[PDB]
Structure formats: C-alpha cells, structure tokens
Amino acid sequence: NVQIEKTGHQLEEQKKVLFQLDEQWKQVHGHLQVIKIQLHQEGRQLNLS
Amino acid sequence: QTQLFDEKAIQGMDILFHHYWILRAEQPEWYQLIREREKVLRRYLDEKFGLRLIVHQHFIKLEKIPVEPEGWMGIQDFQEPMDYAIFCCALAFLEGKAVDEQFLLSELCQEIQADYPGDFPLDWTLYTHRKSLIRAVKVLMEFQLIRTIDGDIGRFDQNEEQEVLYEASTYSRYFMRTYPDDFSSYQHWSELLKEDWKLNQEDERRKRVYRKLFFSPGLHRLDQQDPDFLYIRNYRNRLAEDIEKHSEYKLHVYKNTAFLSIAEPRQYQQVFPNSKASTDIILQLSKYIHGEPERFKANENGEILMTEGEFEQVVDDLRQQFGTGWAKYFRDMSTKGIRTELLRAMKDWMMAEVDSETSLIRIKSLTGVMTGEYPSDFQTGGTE
Amino acid sequence: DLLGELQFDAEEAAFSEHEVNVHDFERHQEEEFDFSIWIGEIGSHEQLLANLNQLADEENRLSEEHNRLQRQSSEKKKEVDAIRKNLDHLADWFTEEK
Amino acid sequence: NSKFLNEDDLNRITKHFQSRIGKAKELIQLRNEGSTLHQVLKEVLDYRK
C-alpha cells in the first residue's frame, strides 16, 4: 500500500508535467502549421519542393 | 410454404446490428442462423430501413450508414485521428498483398510511413507513433483482416526493433463498402451522405426515422417543427406495434425525445446504465436536476442550459453529497477533470452537447429518463 | 547557346515568364528590343525566391524546435504510461495479497 | 349538401383527404403488406378513427 500511494503521487506529478509539455508542443505545432500553410500559399506556383 | 419473421429472424437482426459483420470461419452458428432467414431480413431491411444487407460466401454484413454521424459510432479502440490515418494506410497497403501473402511488420511500418498523407512525417523513433501503430494493428487483427504468424506486437511499444510476421487474410478485400462515383471526385465526407440518401428518395422519412431510432440511443427534437419527430408523433402506435413485432425493443415518446428501450439485453449488447463509474454520476446528476425544477427549468426544446462554471458547481455539490460513494477514480480528481470526463461520457450517450461557440452546456431531455441514488442505508451510513 | 543556358536557368528557377519573354523577343526578332520588362520579370522572380527562402528557413527552424518538443512529449508519455502500468500491476498484487 | 357546397369547401376537403390518404398509405405499409388503394380508402373513410 505504501508503494501504491507513493506511485500514485508520482503519477499525478508526471501527469502535470506531461500536460504542460503537450501545451508547449501544440503551441509550436500550431505556429509551424501556419508557417507551412503560408509557405505553400506563396510557393504554390513553382514546380519546386 | 413461405417464410415468416420469427424468433430466428429477430435473433438474426440483433446479431447483424450489434456486430460490424459476421464471419463464416469464426461465427458459423450466427452465419447459418442469419442466412436461413436472409430472404425475410433483406425484405424487411430494404422496406423499412433501406440498408443494404450484403450476404457473401465468407461473411454477412449490414452497411450501417447513419443518418447523422455521432461520436460513439466510430471505431472506439482508436483515440486520435492519427490512428485512423494509420488504419486507412494499412488497408491501402493490404490491397497490394495477395490473399494469404505473408509480410513482416517492418514492411508494413515502412509502407505506412511512406504513404502517410500528412504534412508532418510519420516517425517510428517516437513512443506515441509506435503506440498508434499498435492500436491500429490491434483493431485490424480484431476484424481478422490480418492473421498473426507467431510473434508479439505489444513489445513494439518499448522496442522499436521488434519484428513480426503477418499474413493478409481474404477479408481485407471486402472490408470497405463501395462508393458511388470515382470516389476521389469528392472533397468532404459530408458529400458521401448526400449520395447514400440519393438512392433512398422513396419514403426517405420512414427510413430516416427507423435508422435514427435503431442506431442512436435517442432521437432529439430539433425544434418545434422537426419532421422526423412529427412523423413519429403521427404514427406512434403502429411504429410501436411493428417494432415490438420485429425486435426486442419497445418505443418511448416524449415531448422532446424518442428512443427504444430494451428489457433483457443479451451479452454482446451495449446499454445504459452499465458498469463504468461515469454512469453513476450521470444518474446522480439526473436526480439532482429532477430535484430543483425551478432552478433547472428546461426550455421548450427540452434542453437545460448551463455554463461551465454552473456545471462545475453542480459537480462540486454532487461530490459533496454522493462523492463518498463514487469510485476512487473520481474521488481523487479535481472538479474540472470530473467535468471533462462526465461530459465525454454524456456525449457518448447523446445525453448532452457542448455548444461549439459559447461553450454552453446543453443537457438533453434523454438524461431525465433515468435517475439513481444510493441505498438509503448507505446514505445514512454516509452521514455517520 | 546563350538561349539554351537561359532555358536551363528558367527551368531550374521555374521561371515561366522565360518562355513568354523569349517569344516576345522573337516576335520582334530584329528591332531595337527593349529588355526592361524582361529584366524586371527576372528581378521579381528573384525577389519571390528570396521571400520563399526566408520562409523556408523560418519553417526549418520551427521544425527543428517542433521535433525537439515532440520527442520530449513522447518521452514523458512513455514515462507516464510505464508508471500507470506499474501502478495497475501493484494494485492487482495488493488485492492478491489482501 | 355537396352540390350546394361551394368550391371553397370542396378544395378544403380535397386537401384534407389528400393528406389523410398520404398518412393512411403510410399507416398500412407499416403493416408490411401491399397497400392496395382500396385498403387505403377503407382506412381513410373509417370514421371511427
């Protein structure tokens, strides 16, 4: 039981950390998606990757 | 000598509905049962629902195309869009393999990575991507689309070097239905529905109502003049008689909702209430709403409107009263988490909606059908 | 030969005006030809390539940052799921022990 | 009297019985039978209902 409670507390901590990391990850992902959208819009005409 | 809709036909209809399809090689009893009445089933489904029943040498399948897609309908083992993308890509890969051809998991991973259509490449060094692939493969194996020559895919979670030898089974060919035009000409899934109902112009309304009743947990009144609900109101009695005659269900009708109840659910069926703890809180919330009619007076459409703050306050009140008896999963979680979980559960059952714009919560009349409470002796026990 | 070189360069830079401008030059073919419009077109094309190059560099920078974040988040997901599996195993063990 | 009844009443009753015929056709076909038009007449003029 002691190990179970200790692991439960650790799990809550890591859940918090994971949520904040995903917040940051999705911010960066949104920025990158917008930038790729713009690049493809302005780079549409060219036959170039 | 002519066939009649009887116990066998009712059983076959239920088996058809509650599974995606029935395989001869694995469900010989069900396949045999369904086939014998297949004439009557085809007649009834065509006349009333309009669903196409596909009877084949290896399987029987009912193409359950919904009237308006709902969240619970989709493949539930999947949790992200990426899982669906990998599933579809894996199918595309299996089209390239001959029946009983054997391929290694690495080849499947490579092909999925190559085809994966997103702007952001699929990468196997990650944990999340590998987990998504494992869920996709598990759902594939669930439908017997691919058989497993011995190995272990679960290890793929923690060992990207894992390897497996898979076999493409015949069912892969028939999994996905056929589409009207060159399907590529379509631009959004909504266009598919406009086609599938272009074939059912004849008595579209009756098929619409029957599909909504049998598929969805409930049928909510869109507004004061919703045509489906008007239809149900006009033919309540004969609808009830026909449904009782042809299946286990019994119809209910209210001012703002209509649904089919089931009295003795067999093993394979899904029903509400059930074991999951979130239902308990749903029943308790239903009772709490019943208890303050003036505060939660439902609007004319049967909805009850509450903002996230008000809902969280209600959930706090519930945690105060009945929280002692909740499952330890919820007892240890903050209010907002409980709100999110409870709202997901209530979404699955079409009990409520989250307003897209205002984040306003709409609790539908279907919630008030059932109410639950602890036994009085425990509640007095909770007082101690 | 210069025309072959010019076509090659237009192909590399994806300069569609090259064909149009070349033919415009060819429909005069002997006049005191004015290249001002042709030079302006190639200048606009080069400016477009400069802008797209800047966007490409910005996108590559954000892509590197995004890969770093994705790997970090996936690693934390792995740790959290490992802990959750361990907790479930301990719970089963504790029920058996009770 | 029908002949003494003006055209407005005839139009109203025609609309009424057209709607009733539609709903009777729907009611009978729910029995899974083939609604011969005679059955539909039998239903519509079933004053008890």
# chains A, B, ... in the order shown; residues from 1 in each chain; ligands from 1
call {"tool": "select_by_dssp", "arguments": {"residues": "chain D", "states": "helix (DSSP H, G or I)", "output": "count of residues only"}}
result
31
call {"tool": "closest_atom_pairs", "arguments": {"of": "region 326-373 of chain B", "to": "region 234-256 of chain B", "cutoff": "10 Å", "atoms": "only C-alpha atoms", "output": "JSON lines"}}
result
{"residue": "B:364", "atom": "CA", "partner": "B:256", "partner_atom": "CA", "distance": 8.5}
{"residue": "B:365", "atom": "CA", "partner": "B:256", "partner_atom": "CA", "distance": 6.3}
{"residue": "B:366", "atom": "CA", "partner": "B:256", "partner_atom": "CA", "distance": 8.3}
{"residue": "B:369", "atom": "CA", "partner": "B:254", "partner_atom": "CA", "distance": 9.8}
call {"tool": "write_last_selection", "arguments": {"atoms": "N, CA, C and O atoms", "output": "mmCIF file, in the first residue's frame"}}
result
data_model
loop_
_atom_site.group_PDB
_atom_site.id
_atom_site.type_symbol
_atom_site.label_atom_id
_atom_site.label_comp_id
_atom_site.auth_asym_id
_atom_site.auth_seq_id
_atom_site.Cartn_x
_atom_site.Cartn_y
_atom_site.Cartn_z
ATOM 1 N N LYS B 364 -29.644 17.256 -22.653
ATOM 2 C CA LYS B 364 -30.811 16.885 -23.433
ATOM 3 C C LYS B 364 -31.819 16.128 -22.580
ATOM 4 O O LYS B 364 -31.484 15.526 -21.560
ATOM 5 N N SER B 365 -33.073 16.147 -23.034
ATOM 6 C CA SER B 365 -34.151 15.545 -22.261
ATOM 7 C C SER B 365 -33.919 14.067 -22.008
ATOM 8 O O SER B 365 -34.506 13.496 -21.083
ATOM 9 N N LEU B 366 -33.092 13.420 -22.824
ATOM 10 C CA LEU B 366 -32.866 11.992 -22.642
ATOM 11 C C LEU B 366 -32.271 11.690 -21.276
ATOM 12 O O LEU B 366 -32.469 10.594 -20.745
ATOM 13 N N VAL B 369 -34.624 10.542 -18.292
ATOM 14 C CA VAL B 369 -35.358 9.282 -18.337
ATOM 15 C C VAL B 369 -35.053 8.440 -17.112
ATOM 16 O O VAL B 369 -35.921 7.720 -16.605
#
call {"tool": "interface_residues", "arguments": {"of": "chain C", "to": "chain A", "cutoff": "10 Å", "atoms": "only C-alpha atoms", "output": "count of residues only"}}
result
48
call {"tool": "closest_atom_pairs", "arguments": {"of": "chain B", "to": "chain A", "cutoff": "10 Å", "atoms": "only C-alpha atoms", "output": "Markdown table"}}
result
| residue | atom | partner | partner_atom | distance |
| --- | --- | --- | --- | --- |
| B:119 | CA | A:36 | CA | 8.5 |
| B:120 | CA | A:33 | CA | 9.1 |
| B:333 | CA | A:12 | CA | 9.9 |
call {"tool": "closest_residue", "arguments": {"among": "D:38, D:23, D:10, D:48", "to": "chain B", "atoms": "only C-alpha atoms"}}
result
D:23
call {"tool": "residues_around", "arguments": {"residues": "residue 25 (chain C)", "least_positions_apart": "6", "cutoff": "12 Å", "atoms": "only C-alpha atoms", "output": "list in words"}}
result
residues 3, 17, 18, 19, 31, 32, 33, 34, 35, 36, 37 and 38 of chain C
call {"tool": "write_last_selection", "arguments": {"atoms": "N, CA and C atoms", "output": "short mmCIF file (atom, residue, chain, number, x, y, z; two decimals), in the first residue's frame"}}
result
data_model
loop_
_atom_site.label_atom_id
_atom_site.label_comp_id
_atom_site.auth_asym_id
_atom_site.auth_seq_id
_atom_site.Cartn_x
_atom_site.Cartn_y
_atom_site.Cartn_z
N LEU C 3 20.81 31.01 -75.42
CA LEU C 3 19.40 30.68 -75.25
C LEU C 3 19.21 29.34 -74.55
N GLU C 17 7.91 32.93 -67.07
CA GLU C 17 7.94 34.07 -67.98
C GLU C 17 9.02 33.90 -69.04
N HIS C 18 10.03 33.07 -68.78
CA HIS C 18 11.11 32.89 -69.74
C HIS C 18 10.57 32.57 -71.12
N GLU C 19 9.66 31.60 -71.20
CA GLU C 19 9.08 31.25 -72.49
C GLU C 19 8.34 32.45 -73.08
N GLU C 31 14.29 44.15 -83.90
CA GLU C 31 14.10 45.55 -83.56
C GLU C 31 15.10 45.96 -82.48
N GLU C 32 15.13 47.25 -82.19
CA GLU C 32 15.93 47.77 -81.08
C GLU C 32 15.21 47.33 -79.80
N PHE C 33 15.34 46.04 -79.50
CA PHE C 33 14.50 45.41 -78.50
C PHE C 33 14.73 46.04 -77.13
N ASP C 34 13.64 46.20 -76.38
CA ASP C 34 13.69 46.73 -75.03
C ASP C 34 13.63 45.56 -74.06
N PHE C 35 14.70 45.36 -73.29
CA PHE C 35 14.74 44.27 -72.33
C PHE C 35 14.20 44.67 -70.97
N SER C 36 13.80 45.93 -70.78
CA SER C 36 13.43 46.40 -69.45
C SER C 36 12.40 45.50 -68.80
N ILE C 37 11.38 45.08 -69.54
CA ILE C 37 10.33 44.25 -68.96
C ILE C 37 10.88 42.87 -68.60
N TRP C 38 11.75 42.33 -69.45
CA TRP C 38 12.34 41.02 -69.16
C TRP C 38 13.20 41.08 -67.90
#
call {"tool": "atom_distance", "arguments": {"atom1": "CA of residue 166 (chain B)", "atom2": "CA of residue 110 (chain B)"}}
result
14.2 Å
call {"tool": "interface_residues", "arguments": {"of": "chain B", "to": "chain C", "cutoff": "8 Å", "atoms": "only C-alpha atoms", "output": "ChimeraX atom specification"}}
result
/B:126-128
call {"tool": "write_last_selection", "arguments": {"atoms": "C-alpha atoms", "output": "compact mmCIF listing (two decimals), in the first residue's frame"}}
result
# COMPACT_ATOMS: atom_id res chain seq x y z
CA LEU B 126 8.73 8.26 -31.09
CA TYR B 127 6.72 6.46 -28.45
CA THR B 128 3.35 7.92 -29.44
call {"tool": "atom_distance", "arguments": {"atom1": "CA of residue 224 (chain B)", "atom2": "CA of residue 301 (chain B)"}}
result
7.1 Å
call {"tool": "residues_around", "arguments": {"residues": "residue 29 (chain D)", "least_positions_apart": "5", "cutoff": "12 Å", "atoms": "only C-alpha atoms", "output": "VMD selection string"}}
result
(chain B and resid 44 47 to 48 203 206 235 238 to 239 242) or (chain D and resid 22 to 24 34 to 37 39 to 40 43)
call {"tool": "write_last_selection", "arguments": {"atoms": "N, CA and C atoms", "output": "PDB file, in the first residue's frame"}}
result
ATOM      1  N   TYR B  44     -37.274  -7.001 -45.126  1.00  0.00           N
ATOM      2  CA  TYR B  44     -37.627  -6.052 -44.077  1.00  0.00           C
ATOM      3  C   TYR B  44     -36.668  -4.873 -44.045  1.00  0.00           C
ATOM      4  N   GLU B  47     -37.359  -2.568 -47.036  1.00  0.00           N
ATOM      5  CA  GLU B  47     -38.602  -1.809 -46.984  1.00  0.00           C
ATOM      6  C   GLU B  47     -38.541  -0.716 -45.928  1.00  0.00           C
ATOM      7  N   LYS B  48     -38.059  -1.043 -44.729  1.00  0.00           N
ATOM      8  CA  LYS B  48     -38.188  -0.099 -43.625  1.00  0.00           C
ATOM      9  C   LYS B  48     -36.942   0.759 -43.458  1.00  0.00           C
ATOM     10  N   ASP B 203     -39.788   7.275 -49.753  1.00  0.00           N
ATOM     11  CA  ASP B 203     -40.075   7.197 -48.325  1.00  0.00           C
ATOM     12  C   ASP B 203     -38.815   7.448 -47.506  1.00  0.00           C
ATOM     13  N   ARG B 206     -39.466   7.649 -43.558  1.00  0.00           N
ATOM     14  CA  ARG B 206     -39.615   6.460 -42.724  1.00  0.00           C
ATOM     15  C   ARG B 206     -38.268   5.804 -42.462  1.00  0.00           C
ATOM     16  N   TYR B 235     -47.444   8.522 -36.152  1.00  0.00           N
ATOM     17  CA  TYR B 235     -47.554   7.069 -36.222  1.00  0.00           C
ATOM     18  C   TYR B 235     -46.971   6.384 -34.995  1.00  0.00           C
ATOM     19  N   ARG B 238     -48.591   2.480 -34.516  1.00  0.00           N
ATOM     20  CA  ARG B 238     -48.163   1.448 -35.453  1.00  0.00           C
ATOM     21  C   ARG B 238     -46.653   1.272 -35.440  1.00  0.00           C
ATOM     22  N   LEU B 239     -45.895   2.347 -35.223  1.00  0.00           N
ATOM     23  CA  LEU B 239     -44.456   2.192 -35.056  1.00  0.00           C
ATOM     24  C   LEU B 239     -44.151   1.276 -33.884  1.00  0.00           C
ATOM     25  N   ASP B 242     -45.115  -2.382 -34.762  1.00  0.00           N
ATOM     26  CA  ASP B 242     -44.179  -3.002 -35.689  1.00  0.00           C
ATOM     27  C   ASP B 242     -42.849  -3.309 -35.019  1.00  0.00           C
TER      28      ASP B 242
ATOM     29  N   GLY D  22     -52.396  10.210 -47.831  1.00  0.00           N
ATOM     30  CA  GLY D  22     -50.970  10.013 -47.638  1.00  0.00           C
ATOM     31  C   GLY D  22     -50.664   9.321 -46.324  1.00  0.00           C
ATOM     32  N   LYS D  23     -51.273   9.798 -45.238  1.00  0.00           N
ATOM     33  CA  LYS D  23     -50.959   9.226 -43.932  1.00  0.00           C
ATOM     34  C   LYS D  23     -51.520   7.817 -43.792  1.00  0.00           C
ATOM     35  N   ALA D  24     -52.644   7.524 -44.442  1.00  0.00           N
ATOM     36  CA  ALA D  24     -53.161   6.162 -44.419  1.00  0.00           C
ATOM     37  C   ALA D  24     -52.265   5.226 -45.216  1.00  0.00           C
ATOM     38  N   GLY D  34     -48.946  -4.975 -48.859  1.00  0.00           N
ATOM     39  CA  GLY D  34     -49.021  -4.108 -50.016  1.00  0.00           C
ATOM     40  C   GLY D  34     -50.305  -3.307 -50.001  1.00  0.00           C
ATOM     41  N   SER D  35     -50.197  -1.997 -49.832  1.00  0.00           N
ATOM     42  CA  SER D  35     -51.373  -1.162 -49.620  1.00  0.00           C
ATOM     43  C   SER D  35     -52.113  -0.978 -50.934  1.00  0.00           C
ATOM     44  N   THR D  36     -52.990  -1.920 -51.263  1.00  0.00           N
ATOM     45  CA  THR D  36     -53.902  -1.707 -52.373  1.00  0.00           C
ATOM     46  C   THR D  36     -54.750  -0.474 -52.099  1.00  0.00           C
ATOM     47  N   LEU D  37     -54.951   0.336 -53.138  1.00  0.00           N
ATOM     48  CA  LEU D  37     -55.627   1.613 -52.937  1.00  0.00           C
ATOM     49  C   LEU D  37     -56.985   1.428 -52.272  1.00  0.00           C
ATOM     50  N   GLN D  39     -57.649  -0.658 -49.828  1.00  0.00           N
ATOM     51  CA  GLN D  39     -57.380  -0.661 -48.394  1.00  0.00           C
ATOM     52  C   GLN D  39     -57.215   0.760 -47.875  1.00  0.00           C
ATOM     53  N   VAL D  40     -56.547   1.612 -48.651  1.00  0.00           N
ATOM     54  CA  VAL D  40     -56.348   2.995 -48.235  1.00  0.00           C
ATOM     55  C   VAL D  40     -57.683   3.715 -48.128  1.00  0.00           C
ATOM     56  N   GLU D  43     -59.356   2.680 -44.985  1.00  0.00           N
ATOM     57  CA  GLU D  43     -58.798   3.343 -43.810  1.00  0.00           C
ATOM     58  C   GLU D  43     -59.263   4.790 -43.705  1.00  0.00           C
TER      59      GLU D  43
END
call {"tool": "atom_distance", "arguments": {"atom1": "CA of residue 376 (chain B)", "atom2": "CA of residue 341 (chain B)"}}
result
26.9 Å
call {"tool": "interface_residues", "arguments": {"of": "chain D", "to": "chain B", "cutoff": "9 Å", "atoms": "only C-alpha atoms", "output": "CSV table (one decimal) with N, CA and C atoms, in the first residue's frame"}}
result
chain,number,residue,atom,x,y,z
D,23,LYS,N,-51.3,9.8,-45.2
D,23,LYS,CA,-51.0,9.2,-43.9
D,23,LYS,C,-51.5,7.8,-43.8
D,26,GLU,N,-49.2,5.5,-45.5
D,26,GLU,CA,-48.0,5.3,-44.6
D,26,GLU,C,-48.4,4.3,-43.5
D,27,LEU,N,-49.6,4.4,-42.9
D,27,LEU,CA,-50.0,3.5,-41.8
D,27,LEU,C,-50.1,2.1,-42.3
D,28,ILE,N,-50.7,1.9,-43.4
D,28,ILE,CA,-50.9,0.5,-43.9
D,28,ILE,C,-49.6,-0.1,-44.3
D,30,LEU,N,-46.8,0.2,-43.1
D,30,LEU,CA,-46.1,-0.2,-41.9
D,30,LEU,C,-46.5,-1.6,-41.5
D,31,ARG,N,-47.6,-2.1,-41.9
D,31,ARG,CA,-48.0,-3.4,-41.6
D,31,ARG,C,-47.1,-4.4,-42.4
D,32,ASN,N,-46.4,-4.0,-43.3
D,32,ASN,CA,-45.5,-4.8,-44.2
D,32,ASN,C,-46.4,-5.4,-45.3
call {"tool": "closest_atom_pairs", "arguments": {"of": "region 64-119 of chain B", "to": "region 170-173 of chain B", "cutoff": "12 Å", "atoms": "only C-alpha atoms", "output": "Markdown table"}}
result
| residue | atom | partner | partner_atom | distance |
| --- | --- | --- | --- | --- |
| B:88 | CA | B:172 | CA | 11.6 |
| B:90 | CA | B:172 | CA | 10.3 |
| B:91 | CA | B:172 | CA | 7.3 |
| B:92 | CA | B:172 | CA | 9.7 |
| B:93 | CA | B:172 | CA | 10.2 |
| B:94 | CA | B:172 | CA | 6.9 |
| B:95 | CA | B:173 | CA | 7.0 |
| B:96 | CA | B:173 | CA | 10.3 |
| B:97 | CA | B:172 | CA | 9.6 |
| B:98 | CA | B:170 | CA | 8.4 |
| B:99 | CA | B:170 | CA | 5.3 |
| B:100 | CA | B:170 | CA | 7.0 |
| B:101 | CA | B:170 | CA | 9.7 |
call {"tool": "residues_around", "arguments": {"residues": "residue 21 (chain D)", "least_positions_apart": "4", "cutoff": "8 Å", "atoms": "only C-alpha atoms", "output": "list in words"}}
result
residues 17, 25, 40, 41 and 44 of chain D
call {"tool": "write_last_selection", "arguments": {"atoms": "N, CA, C and O atoms", "output": "PDB file, in the first residue's frame"}}
result
ATOM      1  N   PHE D  17     -58.494  15.249 -47.504  1.00  0.00           N
ATOM      2  CA  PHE D  17     -58.471  13.834 -47.839  1.00  0.00           C
ATOM      3  C   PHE D  17     -57.197  13.450 -48.569  1.00  0.00           C
ATOM      4  O   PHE D  17     -56.776  12.297 -48.489  1.00  0.00           O
ATOM      5  N   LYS D  25     -51.797   5.669 -46.382  1.00  0.00           N
ATOM      6  CA  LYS D  25     -50.835   4.875 -47.133  1.00  0.00           C
ATOM      7  C   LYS D  25     -49.629   4.558 -46.270  1.00  0.00           C
ATOM      8  O   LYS D  25     -49.102   3.442 -46.301  1.00  0.00           O
ATOM      9  N   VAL D  40     -56.547   1.612 -48.651  1.00  0.00           N
ATOM     10  CA  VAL D  40     -56.348   2.995 -48.235  1.00  0.00           C
ATOM     11  C   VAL D  40     -57.683   3.715 -48.128  1.00  0.00           C
ATOM     12  O   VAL D  40     -57.917   4.475 -47.181  1.00  0.00           O
ATOM     13  N   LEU D  41     -58.577   3.505 -49.095  1.00  0.00           N
ATOM     14  CA  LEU D  41     -59.908   4.089 -48.966  1.00  0.00           C
ATOM     15  C   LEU D  41     -60.601   3.585 -47.715  1.00  0.00           C
ATOM     16  O   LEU D  41     -61.196   4.364 -46.965  1.00  0.00           O
ATOM     17  N   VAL D  44     -59.187   5.545 -44.800  1.00  0.00           N
ATOM     18  CA  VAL D  44     -59.409   6.986 -44.722  1.00  0.00           C
ATOM     19  C   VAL D  44     -60.835   7.288 -44.287  1.00  0.00           C
ATOM     20  O   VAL D  44     -61.068   8.141 -43.424  1.00  0.00           O
TER      21      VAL D  44
END
